[PDB]
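Protein chains in written order, with my numbering: chain R, 22 to 83; chain V, 22 to 83; chain D, 22 to 83. Ideal Cβ placement from N, Cα and C applies to all residues, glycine included.
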Amino acid sequence: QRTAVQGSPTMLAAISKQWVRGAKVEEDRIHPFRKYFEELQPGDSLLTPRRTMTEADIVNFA
Amino acid sequence: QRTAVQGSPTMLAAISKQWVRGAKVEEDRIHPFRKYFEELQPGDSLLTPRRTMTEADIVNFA
Amino acid sequence: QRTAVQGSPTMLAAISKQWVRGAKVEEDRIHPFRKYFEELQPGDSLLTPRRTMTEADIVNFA
């Protein structure tokens with residue numbers, strides 16, 4: 022049965038068991054690529070550091 | 022016999038059968054390095070795309 | 022009073038309150054550059070991943 026399920030994205034993520042676009046995150050102080058499969062959860066997020074794009078970046082990549 | 026031939030550069034290009042600095046060109050829609058010897062002509066030009074020189078270019082080449 | 026204290030480096034480190042050369046380490050799954058001052062301990066160690074040196078490394082650095 023095809024059911025169109027509505028709600029907030031943080032509710033649709035727990036319904037679908039998949040983080041979707043705008044759900045709640047779970048940042049737990051260690052890197053997500055260090056976790057094994059059984060200790061990953063859909064929603065385990067990571068806020069990376071920044072990188073300033075410059076003209077030299079464009080030159081070196083081109 | 023040494024003859025000083027005067028005229029327009031596009032005329033000297035056809036008299037001398039060699040390209041002259043101010044002569045006319047034949048832009049030809051394909052790359053002149055793709056042509057063999059017999060299908061090249063003196064005057065077969067190429068207008069390359071541009072490249073913006075920057076400070077990163079000077080740094081990487083130095 | 023100067024005293025030449027002898028013993029193992031894992032003992033001299035706890036005597037001096039300074040990790041010295043070959044003492045025991047405290048690797049605790051998170052980066053010591055993420056720890057504040059009050060939670061750094063002398064002996065908090067990080068074992069970094071590897072980087073294979075190559076001829077291109079020598080060329081790009083020179």
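query: Sheet register partners of residue 48/V (DSSP bridge); result: 66/V
query: Validate contact between the segment 66-75 of chain V and the segment 27-41 of chain D using beta carbons, cut 8 angstroms, 3 pairs; result: no
query: Cβ-based contacts, 7 angstroms cut-off: residues of the segment 55-80 of chain V near chain R; result: 75, 77 and 78
query: Range covered by the alpha helix (DSSP H) that runs through residue 33/D; result: 30-37
query: Limits of the unbroken alpha helix (DSSP H) element including residue 26/D; result: No alpha helix (DSSP H) contains residue 26/D, which DSSP labels as neither H nor E.
query: Simplified DSSP assignment, three categories, for residue 55/D; result: coil
query: Residue 65/D to residue 79/R span [Cα, whole Å]; result: 39 angstroms
query: Integer Cβ distance of residue 62/V from residue 47/V, believed to fall under 8 angstroms; result: 7 angstroms
query: CA-to-CA distance, residue 81/R to residue 56/V, given in whole angstroms; result: 32 angstroms
query: Where residue 80/V sits in the DSSP three-state scheme; result: helix
query: With 16 other Cβ atoms within 10 Å as the buried cut-off, status of residue 34/D; result: buried
query: Best match in 69/D, 45/D and 54/D for proximity to residue 29/D [C-alpha to C-alpha]; result: 45/D
query: DSSP state of residue 60/R mapped onto helix, strand, coil; result: coil
query: Straight-line gap, residue 53/D to residue 59/R (C-alpha atoms, nearest Å); result: 27 angstroms
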